[PDB]
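Single chain ahead, by itself, as structure tokens, in the form deposited in one PDB entry.
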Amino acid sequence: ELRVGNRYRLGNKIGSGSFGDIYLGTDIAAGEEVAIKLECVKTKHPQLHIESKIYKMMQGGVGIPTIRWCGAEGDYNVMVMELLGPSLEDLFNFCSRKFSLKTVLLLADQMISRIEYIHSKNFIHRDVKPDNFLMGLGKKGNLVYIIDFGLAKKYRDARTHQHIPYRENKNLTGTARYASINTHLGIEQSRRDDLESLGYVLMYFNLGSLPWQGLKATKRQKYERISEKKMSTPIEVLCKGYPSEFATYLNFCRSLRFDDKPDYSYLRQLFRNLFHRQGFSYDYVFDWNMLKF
């Protein structure tokens, strides 16, 4: 039996994290399960304390995981969080890697709002991907949460709101599959890039895979092939067979200037108007609704 924080029983691994994997655990006192993130202290660049600080700054926002405890204990840095439900990637697989339009639009609405919230607190996320959105549990089972602040960083000064400077020659940060075109080009990430990535996530959900997925290969040619393919795929080819709003969303995000504040409301309204034009009911009945978590 393994214990951390003189309070939590450590269980088995439930997932990966940017830096440190995630384990199920039990809060022995409260008789409740929790999620426990562990980072090895001999890791080359320890990050967990920084990440926990970001979670603390995000607290109180809708769809932000609650921190219960953080501390170092011997060979591990430990972060204990409220347990959440499955990831959108888990649920996508459950659903045979295709979501209905209704589900994609219900998800888009919340996901835009999560990103907007992180931006409002002065950070960019930098790794918007299905694995980093989790559904809640119980009464919050239809709430989408955003997680993993391991790659996040400030994009503006907290007092003046002066934007970070434009620069280039940046190494890739985040998943190549969902990176913005400017991220592939080595441009410093900013708010538009989180939103562009979300655009690719929504098309991934619509399509089942993206055109730059499953390319094969030095240091390496794989990322270069992804970048080249993504950069040369016409939006209208990517989005063929799906409502025009998906291409409108992507063109909008791509046209944002480096320091522009995105019109989040416009983007949410694009999808909401479509939702209601289609005559969907906003009843939070997702494709996985037969699962009762």
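One rule holds for the numbers: they count along the sequence shown, beginning at 1.
A second form of this protein, the form deposited with a partner chain bound, is not displayed here; the remarks below concern that form.
- At the 4.5 Å threshold, heavy atoms of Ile226 reach its partner chain in the deposited complex.
- Taking non-hydrogen atoms only, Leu151 approaches its partner chain to within 4.5 angstroms in the deposited complex.
- Although the partner is absent here, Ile115 is not a contact residue: none of its heavy atoms lies within 4.5 angstroms of its partner chain in the deposited complex.
- The shortest heavy atom separation between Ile181 and its partner chain in the deposited complex exceeds 4.5 Å.
- Just one listed stretch, out of 106 to 114, 193 to 201, 157 to 165, 127 to 135, contacts its partner chain in the deposited complex at the 4.5 Å heavy atom level, and that stretch is 127 to 135.
- Taking a 4.5 Å heavy atom cutoff to its partner chain in the deposited complex, the contact residue among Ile187, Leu143, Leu207, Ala176 is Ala176.
- For a residue to qualify, one of its non-hydrogen atoms must sit within 4.5 Å of its partner chain in the deposited complex; none of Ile64, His119 and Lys121 qualifies.
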